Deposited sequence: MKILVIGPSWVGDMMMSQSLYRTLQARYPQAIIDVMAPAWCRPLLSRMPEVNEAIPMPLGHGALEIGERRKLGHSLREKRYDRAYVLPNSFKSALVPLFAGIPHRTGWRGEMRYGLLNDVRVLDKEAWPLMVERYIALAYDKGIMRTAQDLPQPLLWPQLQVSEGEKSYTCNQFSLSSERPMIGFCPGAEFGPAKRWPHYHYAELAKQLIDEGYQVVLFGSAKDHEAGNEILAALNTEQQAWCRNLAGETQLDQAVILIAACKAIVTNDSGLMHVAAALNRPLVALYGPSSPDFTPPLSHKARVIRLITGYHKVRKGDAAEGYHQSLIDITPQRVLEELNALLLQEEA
């Protein structure tokens, strides 16, 4: 059962796609899954045991790429992105069965198009999982065989140990991880100064802080550090842009808890089953909530700058929620 998957180009979405891979291996015997995604995605995929290989990635190129995949003789293909062009490769590869939601009217590239009823499939994870089943079977998420297979990542003590040294982190104090960035824009970010105040409070409690993010979040990490004194800065490390996704996964796993905005790394922490506090403002967790029993969501409202709803969430409120989850973990 050779399967080719066109994976999404966002950390969050990629993490969610693991549910499809887990479901495919539970519903099909000897399912070999290859995933095609940007280069920077390879690290995350390498942490998923369900993935066999990460196919390394314009019209003229897409055809050549697709032609080279003919040798693989893929039995099936699943296109996760919604873009029209994303379903081109599978066709050029000559794959007989190509599945995916309609998206941008992919009636040609997909001979097994699924018409999406947003009300019938409220969660993104349910939408990915549904693709592993035959078309005329699932009408709503309630029809999905339970329990659903949520994203899940494992990390060994040896990995955590080495990686912490690889990034010059001290073992003399437990770590709390912060993910101050947000792919959907500044409006969804808890203020840099609130993260700084929270760090001061945590360092005072005996913890050390680590900031995770992409190269783009590096400046944000520095603005947070610039708000701490010398003594505190010694216990706050900015790793935004310094790690590959595989290293980020390992380090997040090594943290006692994580504080993050509605972003892709939130999903990574959730998959690792790490205690986490997710801060929401203009957006809601209705579509892509953190899938973990150890996660807590804080949002004060319903429904290029910061949003009042996030500015109104005080570091003290977050600290209280955090210390509670940290206690549970110790007990």
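In this chain the deposited sequence has gaps in the coordinates at 58-64, 311-320, listed in sequence order.
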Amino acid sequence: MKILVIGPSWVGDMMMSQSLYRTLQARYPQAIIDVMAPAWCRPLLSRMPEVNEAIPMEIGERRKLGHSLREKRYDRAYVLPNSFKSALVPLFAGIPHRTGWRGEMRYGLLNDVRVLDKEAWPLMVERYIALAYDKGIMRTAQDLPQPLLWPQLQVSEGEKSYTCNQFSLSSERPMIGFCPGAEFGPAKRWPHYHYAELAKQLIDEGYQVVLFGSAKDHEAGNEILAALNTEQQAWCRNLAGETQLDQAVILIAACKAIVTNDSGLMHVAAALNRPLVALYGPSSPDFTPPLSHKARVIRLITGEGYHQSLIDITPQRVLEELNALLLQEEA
From here on, numbers count along this sequence of modelled residues.
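As recorded in the PDB entry, 101-109 is the stretch of 190-198 and 101-109 with the greater mean C-alpha temperature factor. The stretch 314-322 shows the higher mean C-alpha B-factor when 16-24 is compared against 314-322 in the entry. The entry assigns its greatest Cα B factor, within the set 267, 296, 274, 42, to 42.
Out of 246, 159, 119, 126, it is 119 whose C-alpha atom has the highest B-factor in the PDB entry. Residue-level temperature factors show residue 212 in the lowest third of its chain, judged at the C-alpha atom. In the deposited entry, the Cα temperature factor of residue 284 places it in the middle third of its chain's modelled residues. Residue 256: CA B factor in the lowest third of modelled residues in this chain (values from the PDB entry). When the modelled residues of the chain are ordered by their C-alpha B factor, residue 170 lands in the middle third. Ranked by Cα temperature factor within the chain, residue 290 sits in the lowest third according to the deposited record.
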